[PDB]
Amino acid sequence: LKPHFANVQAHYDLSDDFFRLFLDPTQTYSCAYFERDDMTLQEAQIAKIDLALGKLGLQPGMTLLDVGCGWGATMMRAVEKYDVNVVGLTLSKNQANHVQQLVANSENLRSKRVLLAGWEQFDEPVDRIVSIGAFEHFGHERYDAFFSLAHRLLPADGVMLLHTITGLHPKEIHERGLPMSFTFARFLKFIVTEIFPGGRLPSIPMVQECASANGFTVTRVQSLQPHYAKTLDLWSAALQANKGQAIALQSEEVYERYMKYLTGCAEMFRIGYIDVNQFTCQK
């Protein structure tokens, strides 16, 4: 199984400078958690991180594996607030380099590693696992392999917090009393073709199946559905105000595409065609 470096890199290696125009300072690129009403995006992203890490029963000395570490905000938070060693995986060249600098400049004593590789090329024992918004890039065809590896790399009391967007079947969506449909399907095509090449959304039962079939017990499924529309609204508001900057670094063609993507997804979550859930997978 050769990781899909090309497709994944197609999106995230666009330009850190560009993503910085709409993501919060920690560069977290996933659904935030507005635990409190007046939280800033940065505070809500940290709260999301704590929500995920707080389910792992972390302890000093442990080694945490972050599958699809992104720009590393989660890894560094794990080190700094929870005092654990970390290992981060990503197919993005720019992310690997960025996190490599965070590691190089850290004054914390814990072990920190970032690899430009996929879980498909990682076979090392870890104490706990966290994966936020990376699953959507694996593809239905590799779900079983992922959980197999996850279960194999974890200790006896191991735990994996899998956070991923989930979707309903377009055919069955019509019964949910949800109009549009065609519009939804047409937008999904747009996303997979111009935003996330190779992307694929898993249904909740699909995650529950691959987990159980590989020896895991899903002890909790928490939805952050409403929180994503706001996260996306905040991302789009910033990008738009940074429009002039967006075109300079790239092109107005890229800008238009990203605004269409950010805003569109926001409505999709608002109406309920898509969801986002954190699965506590207990070994």
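Residues carry their position along the shown sequence, with the first being 1.
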| remark: The stretch carrying the higher mean Cα B factor in the deposited entry, 105 to 113 or 170 to 178, is 170 to 178
| remark: Avg C-alpha B-factor, entry values, 159 to 167 vs 208 to 216, higher side is 208 to 216
| query | From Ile46, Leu249, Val221, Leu64, pick the one with the largest CA B-factor in the entry? | reply | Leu249
| note | Scanning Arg128, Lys81, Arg142, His137 for peak Cα temperature factor in the entry gives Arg142
| remark: Temperature factor at the Cα of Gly272, chain-ranked in thirds, falls in the highest
| Split the chain's modelled residues into thirds by Cα B-factor; is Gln282 in the lowest, middle or highest one? | highest
| message | Using only modelled residues of the chain, where does the Cα B factor of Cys31 rank: lowest third, middle third or highest third? | response | lowest
| query | Going by what the PDB entry lists, where does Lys189 fall on CA B-factor within its chain: lowest, middle or highest third? | reply | middle
| request: Rank-wise, by C-alpha B-factor, drop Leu234 into the lowest, middle or highest third of its chain. | output: lowest
